[PDB]
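Following: one structure in structure tokens, then a few remarks.
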Amino acid sequence: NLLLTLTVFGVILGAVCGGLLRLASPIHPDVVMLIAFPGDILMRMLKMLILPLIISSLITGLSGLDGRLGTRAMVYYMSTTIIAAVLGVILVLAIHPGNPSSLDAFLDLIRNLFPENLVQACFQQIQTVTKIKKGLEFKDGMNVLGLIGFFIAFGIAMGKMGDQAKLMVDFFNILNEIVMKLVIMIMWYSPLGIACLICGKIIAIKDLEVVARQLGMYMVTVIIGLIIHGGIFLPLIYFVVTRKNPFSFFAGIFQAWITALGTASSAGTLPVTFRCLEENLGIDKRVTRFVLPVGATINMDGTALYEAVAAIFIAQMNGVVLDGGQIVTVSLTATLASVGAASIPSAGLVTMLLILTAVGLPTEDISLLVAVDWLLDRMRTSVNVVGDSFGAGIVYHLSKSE
Amino acid sequence: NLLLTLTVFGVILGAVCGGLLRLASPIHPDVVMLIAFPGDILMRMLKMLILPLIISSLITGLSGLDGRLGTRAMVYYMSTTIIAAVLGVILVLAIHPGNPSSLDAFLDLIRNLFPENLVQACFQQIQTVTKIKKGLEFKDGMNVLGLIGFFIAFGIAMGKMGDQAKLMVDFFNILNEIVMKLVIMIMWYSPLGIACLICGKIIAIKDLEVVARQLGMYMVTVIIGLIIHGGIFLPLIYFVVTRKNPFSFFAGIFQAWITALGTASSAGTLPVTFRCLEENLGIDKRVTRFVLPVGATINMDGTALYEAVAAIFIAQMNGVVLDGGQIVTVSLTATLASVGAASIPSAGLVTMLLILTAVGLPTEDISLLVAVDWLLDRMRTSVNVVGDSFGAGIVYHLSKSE
Amino acid sequence: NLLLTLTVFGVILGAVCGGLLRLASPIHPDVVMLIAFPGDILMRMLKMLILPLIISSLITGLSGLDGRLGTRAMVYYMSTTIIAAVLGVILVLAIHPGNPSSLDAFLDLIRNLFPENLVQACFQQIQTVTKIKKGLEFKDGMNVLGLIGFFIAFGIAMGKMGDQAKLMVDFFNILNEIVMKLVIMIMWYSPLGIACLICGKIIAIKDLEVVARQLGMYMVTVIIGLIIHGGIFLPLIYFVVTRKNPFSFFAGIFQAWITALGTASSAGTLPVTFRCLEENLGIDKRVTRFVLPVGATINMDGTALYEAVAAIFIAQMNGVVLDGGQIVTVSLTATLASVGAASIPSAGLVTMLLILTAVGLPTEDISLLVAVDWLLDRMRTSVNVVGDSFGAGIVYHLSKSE
Ligand SMILES: COCC(CCO[C@H]1CC[C@@]2(C)C(=CC[C@H]3[C@@H]4C[C@@H]5O[C@]6(CC[C@@H](C)CO6)[C@@H](C)[C@@H]5[C@@]4(C)CC[C@@H]32)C1)COC
Ligand SMILES: COCC(CCO[C@H]1CC[C@@]2(C)C(=CC[C@H]3[C@@H]4C[C@@H]5O[C@]6(CC[C@@H](C)CO6)[C@@H](C)[C@@H]5[C@@]4(C)CC[C@@H]32)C1)COC
Ligand SMILES: COCC(CCO[C@H]1CC[C@@]2(C)C(=CC[C@H]3[C@@H]4C[C@@H]5O[C@]6(CC[C@@H](C)CO6)[C@@H](C)[C@@H]5[C@@]4(C)CC[C@@H]32)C1)COC
Ligand SMILES: CC(C)CCC[C@@H](C)[C@H]1CC[C@H]2[C@@H]3CC=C4C[C@@H](O)CC[C@]4(C)[C@H]3CC[C@]12C
Ligand SMILES: CC(C)CCC[C@@H](C)[C@H]1CC[C@H]2[C@@H]3CC=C4C[C@@H](O)CC[C@]4(C)[C@H]3CC[C@]12C
Ligand SMILES: CC(C)CCC[C@@H](C)[C@H]1CC[C@H]2[C@@H]3CC=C4C[C@@H](O)CC[C@]4(C)[C@H]3CC[C@]12C
């Protein structure tokens with residue numbers, strides 16, 4: 001992919017330039033600002049497509065693209081993704097890769113899920129404050145959960161309406177097309193932006209060793225989680241429901257997992273994994289003809305885990321402890337973000353700002369995660385492919401009523 | 001109505017549970033919070049449909065559903081409703097059921113009617129402040145009058161456009177359908193919410209007697225106003241315009257008023273009141289074929305009076321004196337709220353938050369009003385039916401040009 | 001034009017009433033407030049159509065109404081308008097008609113061009129603050145550049161889509177029609193509003209001589225700029241590109257410039273200037289059949305210059321020095337405002353609030369500018385007509401590939 005290769009070239013460049021300036025001399029604060037600036041603009045542009053993207057995606061999907069076995073597949077996907085995101089959260093909290101009022105927080109979480117006002121939720125959200133007299137107060141920051149929730153309601157309502165809602169459906173389809181064009185164009189400007197951010201981040205970092213160590217630890221944490229979710233959770237769930245050998249199930253797909261790593265894209269891995277389940281496992285083409293394609297765009301357990309660990313890592317590196325609700329916000333958004341990062345084209349950096357915007361984090365340290373995304377990409381892709389295959393086996397096993 | 005009966009069952013339950021907990025022991029503040037919480041969410045959900053509801057209703061109505069006699073009917077309706085709402089206001093201020101800078105307030109009222117910005121008006125509104133240097137400042141709280149006003153302008157503008165605006169009209173029709181589905185679904189969750197609110201309200205109340213006394217006084221105040229508007233104002237206006245016996249006019253409709261109480265629904269009272277004016281009064285089927293049906297969804301004088309007295313009662317119980325503008329805001333919103341509470345299905349609790357949101361009141365004490373709405377419902381229904389009948393007589397009398 | 005004559009009659013009236021009250025006695029502050037009040041409402045109404053107008057105009061234009069020679073015409077127009085607006089800015093700063101952190105300001109300018117959030121930008125915008133620790137902070141005031149920019153992106157994206165975006169295009173066309181009806185209706189209420197504002201402004205002014213002197217100086221400044229742009233810049237550019245006699249080019253059009261002054265409307269001047277270039281200069285009817293009509297609604301160099309000098313004059317009279325970014329905001333909005341004041345019907349007062357809202361100025365002193373707009377209108381009209389003629393010559397000269 002020209003842009004993936006372009007983004008990595010930009011990273012290297014950005015990195016080399018930052019290193020050169022640092023070893024050359026201590027850069028003036030105003031000049032570091034001007035150095036990282038074209039990265040600020042990359043974020044500002046992407047972050048300004050989040051809201052329209054959330055609204056069009058939710059309403060275009062839940063209406064436009066809505067049997068029993070289909071229900072089974074969706075249940076497996078959502079369940080596995082929530083599992084993956086929760087694993088991510090536990091590991092990033094335990095491992096703590098990033099190195100720097102209980103009921104009330106969850107109470108606010110639940111309030112922010114029903115924003116008193118749609119508009120205001122687009123930029124701010126409710127918080128509890130202690131005065132020992134508690135109050136609600138606004139705090140800046142878009143209510144991602146507030147809006148996602150209400151638009152889910154709205155989309156499910158329209159969807160039920162039927163051809164009566166045709167017009168509004170078509171309008172929102174057009175909107176989604178326009179916003180996706182803009183995301184594509186911005187991600188084309190991304191390589192420069194990422195280069196500038198990395199060059200700036202290096203010039204600011206006080207001890208390369210510490211930051212290098214933290215980022216490496218984050219990568220291992222993402223790695224560990226991909227292994228546990230795919231190597232243990234997926235296979236165990238297979239057995240618990242199928243009572244069959246997960247290794248026997250996995251033995252056949254070896255070619256499929258290989259294509260997964262090889263193509264680094266479920267889309268390109270898709271025809272091989274058709275073959276591997278139809279021929280080797282002998283899964284009914286029906287189940288194979290639905291679970292595989294649907295999963296290729298929504299079942300992204302590896303993506304969700306990466307997105308949760310990354311969000312708490314950025315939190316941690318910024319000396320910010322997330323409250324119980326903020327952690328639930330990460331888990332909820334991480335799952336949605338992965339079903340998006342999978343559907344929306346070149347939306348890898350959009351979704352990560354969505355999760356960070358949702359927890360109210362800096363959103364600048366997103367640059368470090370990019371510097372290493374290219375290594376973690378292979379694994380996370382393969383994890384997503386594996387899950388879809390297990391799902392097809394599970395759906396087929398749970399579909400013997402026939 | 002399963003839901004009306006459900007809501008009353010919920011009230012009783014809520015009440016019994018609150019009473020039990022109170023007589024059992026003093027509940028911890030955090031636990032009372034968790035008790036009333038599912039009521040907080042009922043409000044948060046309803047209040048989040050106000051804005052879309054205001055926009056779709058105004059634009060779908062003033063465009064989609066827009067002779068001389070028709071003009072006459074609308075004039076009578078709007079006039080009588082404003083009269084009913086003003087009577088409500090005077091009585092609630094005089095009686096004062098709830099028991100706890102002149103020009104500037106009306107000046108702000110007039111400003112808030114033309115919000116400098118549509119978006120900002122969706123969550124905040126202009127106020128005057130004294131520094132002896134006066135200034136305008138924002139104060140949180142959706143500009144209900146700001147938005148209603150501008151959308152009235154917008155809808156009247158589209159309406160005139162004609163079939164040219166077809167598309168935009170159809171789009172907003174679909175929106176209105178979706179938002180009404182959501183209001184219906186939430187009001188289904190209402191019974192639990194109302195029960196929780198009442199249980200909490202009882203646990204907090206310090207002296208049951210005082211609150212019981214206040215709520216009873218509010219009910220009598222609503223009652224008195226229904227009597228004065230229907231028993232005096234309506235009949236007097238009939239004579240002043242018709243110069244005929246209002247008792248002679250009322251004598252025939254007795255059956256109609258009975259059905260009104262019996263069906264507790266103008267809709268179910270509708271065929272009887274057709275009969276009562278066509279047969280007994282001998283009103284021309286033409287006038288009867290328009291005034292009755294149009295009124296059955298817009299002429300709600302009893303509803304407007306209830307909605308104004310309730311709004312100032314909630315104000316009063318909360319030790320808040322309304323300024324001259326806030327009182328005008330209640331009168332204006334109360335009239336619109338009654339034409340809505342009449343059109344929008346199961347919108348009894350939505351409209352009351354609209355009036356409270358408009359005056360910027362607590363919006364939680366709405367629970368007490370629900371506890372007694374079921375008693376006042378009968379009377380207010382009959383008052384609305386009576387007004388429509390008088391209107392048909394007045395329109396027919398004012399339509400002898402023919 | 002009944003309304004132009006009405007607006008001037010209102011000015012005279014307003015002025016006479018203000019003068020009478022002032023010579024009669026010192027008016028009470030509350031009564032001056034009530035005097036100017038119906039002007040406040042004129043602004044509040046107009047300013048509340050800016051946002052919808054910006055959105056519908058940008059999306060209806062850049063999509064609905066989008067060869068080489070056509071590209072040439074647009075380049076000439078945009079270039080000449082930016083030149084005109086910059087001349088305006090320099091002159092108003094130099095002459096200083098109105099009589100009362102470098103990089104950071106431009107950095108904010110560039111940020112406000114990519115608002116992190118669409119909604120929030122509709123009412124507020126980013127600023128740098130010094131604590132010696134710099135921060136970004138919100139400051140009230142709609143991000144005109146933020147929204148214009150993003151909608152330009154959105155419209156260009158839809159435009160490319162093609163007939164696929166038909167629906168959304170038609171929807172926004174309808175919206176634009178509705179908003180334009182409202183602007184027309186408000187400008188009908190303008191005469192009273194302007195009269196009230198002028199009556200109030202006179203009653204407040206402490207020294208008529210000083211204010212009279214300042215306004216006269218502003219008029220000369222607008223005059224000087226119209227002369228320099230039309231008398232020097234336009235003709236020079238003609239020669240630089242054509243290497244032909246600008247006087248020989250101008251000699252023929254004399255009749256065209258006359259109609260310009262005579263009709264005080266490029267629209268009415270349009271058939272004469274067709275004649276003057278086709279017959280006298282002998283410009284190919286093709287170029288004449290495009291450059292003239294397109295320019296008659298977008299090439300408004302005289303309008304842009306007026307709008308920049310006016311914006312900085314209102315700034316200056318209000319003892320407000322504009323930062324480097326605010327000046328660029330004026331130049332950018334002034335150009336857009338002139339292409340609008342030209343397209344949108346009776347949008348002379350809307351566009352001036354847009355420029356003032358963009359720089360965050362009082363927006364009330366707009367009354368003085370109206371008091372003298374009628375004199376400056378003749379000249380600015382003729383300047384716009386002249387530019388279109390020069391453009392036709394330049395486009396024809398640059399189009400001899402043929
Ligand atoms: C036979 O197969 C049938 C199948 C049916 C598909 O149904 C759709 C239902 C909604 C769903 C799951 C779909 C696609 C995009 C999904 C969205 C991506 C967006 O991303 C987010 C997060 C990140 C933001 C940047 C944007 O918004 C979410 C809120 C948004 C999202 C998760 C909302 C839900 C959407 C699929 C067809 O599948 C193609
Ligand atoms: C022959 O008969 C012809 C007749 C013509 C009807 O014309 C329509 C004109 C607008 C009007 C009066 C109508 C219905 C809903 C009315 C709305 C209910 C909403 O409620 C509110 C307040 C409460 C909020 C929760 C929502 O918004 C208002 C702002 C909204 C409202 C009052 C705006 C005005 C609307 C009727 C047909 O009648 C069916
Ligand atoms: C053969 O001829 C072809 C030609 C093609 C025309 O293409 C269109 C492209 C967009 C353009 C330049 C056009 C008309 C209105 C223009 C708008 C007026 C508005 O005014 C503003 C400022 C003032 C505000 C009050 C409203 O918004 C701008 C943001 C808005 C504006 C400048 C955005 C750009 C628009 C012409 C046809 O021409 C008729
Ligand atoms: C100010 C910017 C444009 C300077 C250049 C920065 C680099 C990193 C970026 C920014 C915009 C990018 C281009 C924008 C879009 C395209 C079209 C696509 O089909 C191939 C890649 C190509 C041609 C990109 C190559 C790299 C690019 C030039
Ligand atoms: C958490 C909630 C759901 C617990 C139950 C609370 C009670 C008061 C409410 C909430 C939702 C309600 C249900 C939602 C919708 C319907 C469908 C309708 O056609 C009949 C009533 C029925 C079946 C309602 C009965 C009462 C109900 C169960
Ligand atoms: C409160 C207002 C209405 C008082 C009058 C103020 C004056 C200055 C204004 C306000 C509204 C204006 C009218 C509104 C619209 C029209 C219709 C148009 O085809 C001719 C002019 C005419 C008839 C205007 C004449 C002047 C007018 C009466």
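The first residue you see is number 1, and the count goes up from there.
Structure method, as recorded: electron microscopy, 3.6 Å.
Every residue, even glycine, has its Cβ placed from backbone N, Cα and C.
Feature annotations, courtesy of Swiss-Prot:
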BINDING   A:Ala264, A:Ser265, A:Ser266, A:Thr303, A:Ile344, A:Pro345, A:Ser346, A:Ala347, A:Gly348, A:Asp377, A:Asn384  L-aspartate binding site
BINDING   A:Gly295, A:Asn299, A:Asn384, A:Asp388  Na(+) 1 binding site
BINDING   A:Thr297  Na(+) 2 binding site
INTRAMEM  A:247-277  intramembrane segment
INTRAMEM  A:327-360  intramembrane segment
TOPO_DOM  A:22-44  topological domain 'Extracellular'
TOPO_DOM  A:162-170  topological domain 'Cytoplasmic'
TOPO_DOM  A:199-219  topological domain 'Extracellular'
TOPO_DOM  A:242-246  topological domain 'Cytoplasmic'
TOPO_DOM  A:278-286  topological domain 'Cytoplasmic'
TOPO_DOM  A:314-326  topological domain 'Extracellular'
TOPO_DOM  A:361-373  topological domain 'Extracellular'
TRANSMEM  A:2-21  transmembrane segment
TRANSMEM  A:45-65  transmembrane segment
TRANSMEM  A:74-95  transmembrane segment
TRANSMEM  A:138-161  transmembrane segment
TRANSMEM  A:171-198  transmembrane segment
TRANSMEM  A:220-241  transmembrane segment
TRANSMEM  A:287-313  transmembrane segment
TRANSMEM  A:374-395  transmembrane segment
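Each residue contributes its Cα atom, and for A:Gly295 (Na(+) 1 binding site) and A:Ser266 (L-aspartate binding site) those atoms are 9 Å apart. Neighbour density around each Cβ, counted as other Cβ atoms within 10 Å, peaks among the binding-site residues A:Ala264, A:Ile344 at A:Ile344.
Per DSSP, the topological domain 'Extracellular' (A:22-44) is made up of 19 helix, 0 strand, 4 coil. Here the deposited model leaves out 4 residues, and the two residues on either side, A:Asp66 and A:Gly67, have Cα atoms 11 Å apart. The Cα atom of A:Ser346 (L-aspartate binding site) lies nearest to that of A:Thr297, taking the binding-site residues A:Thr297, A:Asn299, A:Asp388 as the candidates. Excluding the listed site residues A:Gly295, A:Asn299, A:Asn384, A:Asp388, the same chain places A:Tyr77, A:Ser266, A:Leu292, A:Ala296, A:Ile298, A:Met300, A:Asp301, A:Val385, A:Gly387, A:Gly391 with Cβ atoms within 8 Å of the centre of the Na(+) 1 site Cβ atoms.
36 residues between A:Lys131 and A:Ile132 have no modelled coordinates; the flanking Cα atoms are 5 Å apart.
As deposited, the model skips 15 residues from A:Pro100 to A:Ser101; the distance between those two Cα positions rounds to 22 Å. For the residue listed as 'Na(+) 2 binding site' paired with A:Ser266 (L-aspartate binding site), the C-alpha to C-alpha distance reads 9 Å.
Rounded to the nearest whole angstrom, the C-alpha distance between A:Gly348 (L-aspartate binding site) and A:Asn299 (Na(+) 1 binding site) is 15. Counting Cβ pairs closer than 8 Å and at least 6 residues apart in sequence, the transmembrane segment (A:374-395) and the transmembrane segment (A:138-161) reach fewer than three and form no contact. Long-range neighbours of the topological domain 'Cytoplasmic' (A:278-286) within the same chain, counting only residues 6 or more positions beyond its ends whose Cβ lies under 8 Å from a Cβ of the stretch, are 69, 249, 252-253, 255, 392-393, 396, 399. Residues 3, 42-43, 46-47, 49-50, 53-54, 57, 61, 78, 81-82, 84-86, 88-89, 93, 106, 109, 139, 141-142, 144-145, 148, 180, 183-184, 187, 190, 296-298, 300-301, 303-305, 307-308, 310-312, 314-315, 366, 369-370, 373, 384 of the same chain sit 6 or more residues outside the intramembrane segment (A:327-360) yet have a Cβ under 8 Å from a Cβ within it. Within the same chain, the transmembrane segment (A:220-241) stays apart from the transmembrane segment (A:171-198): fewer than three Cβ pairs sit under 8 Å, each pair at least 6 residues apart.
Ranked by Cβ pairs under 8 Å to the transmembrane segment (A:2-21), the stretches A:45-65, A:74-95, A:171-198, A:287-313 are led by A:171-198.
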